[PDB]
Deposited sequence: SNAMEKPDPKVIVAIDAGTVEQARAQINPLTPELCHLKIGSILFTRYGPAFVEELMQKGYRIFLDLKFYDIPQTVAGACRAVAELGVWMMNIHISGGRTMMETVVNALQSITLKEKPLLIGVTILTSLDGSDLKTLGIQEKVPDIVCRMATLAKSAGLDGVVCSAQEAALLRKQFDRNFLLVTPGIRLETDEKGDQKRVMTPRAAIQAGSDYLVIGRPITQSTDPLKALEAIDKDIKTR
């Protein structure tokens, strides 16, 4: 079970394949997001799974309870390994999804991960939503809700993982993007369970070598 999830954010399937080619499922899982999915749909996800990768399908659903439950169900029936939803969607939405996934046809259940506050929201953006308090706080608040609602974990920065890991012992998955060569070891040590890594690998002159180096770094004893 590799701890690295490589973000594929190529705009075309030809470029995505070229980025995925030098990788190996022994060393990583793949994160596919809204760009590739909107352009190519479920069929591209199916191709990737047949190549032997587990897929974190990153569509950040945020809609009414029955729609999100229906969408997550579809993603689950696809065979997808991990998916995410906005905690902003509220308790009922989250609980409805959790309940819906218990009825899927696959024995192995997908991991359901919560999104808190995107790093792209600044102070005025938070105030637009009426959030008078600030990021570390509101994130910890949403994380607690996500847990209460039965989600398997949250996406969080490494700089947030140490804090949340104090709050949540296990099992609560901390999935952490924004890694740079916060380093892989630093993130894991803070409490991250999975590292989401993009350009350091995909824009490397030798992605395989880069991926191998991260794995070796993490496993250094």
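According to the record, C-alpha coordinates are lacking for deposited residues 1-7, 189-199.
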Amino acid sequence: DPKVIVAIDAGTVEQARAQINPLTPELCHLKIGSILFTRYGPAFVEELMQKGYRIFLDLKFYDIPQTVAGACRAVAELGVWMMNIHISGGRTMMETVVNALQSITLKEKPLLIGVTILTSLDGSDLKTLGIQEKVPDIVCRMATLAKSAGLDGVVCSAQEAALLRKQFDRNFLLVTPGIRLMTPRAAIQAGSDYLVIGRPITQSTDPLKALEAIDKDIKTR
From here on, numbers count along this sequence of modelled residues.
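In this entry, 191-199 shows the higher mean Cα temperature factor of the pair 51-59 and 191-199. Taking the mean C-alpha B-factor of each stretch as recorded, 161-169 and 23-31 are not equal, and the higher mean is that of 161-169. Looking at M83, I87, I131, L78, the one whose CA carries the top B-factor in the deposited record is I131. Which of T38, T176, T67, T183 has the largest Cα B-factor in the deposited entry comes down to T183. In the deposited entry, the Cα temperature factor of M93 sits in the middle third of values across the chain's modelled residues. When all modelled residues of the chain are sorted by CA temperature factor, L112 is found within the lowest third. Among the modelled residues of the chain, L151 sits in the middle third by CA temperature factor in this PDB entry. In this PDB entry, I138 carries a Cα temperature factor that places it within the highest third of its chain's modelled residues. Sort the modelled residues of the chain by CA B factor and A71 lands in the lowest third.
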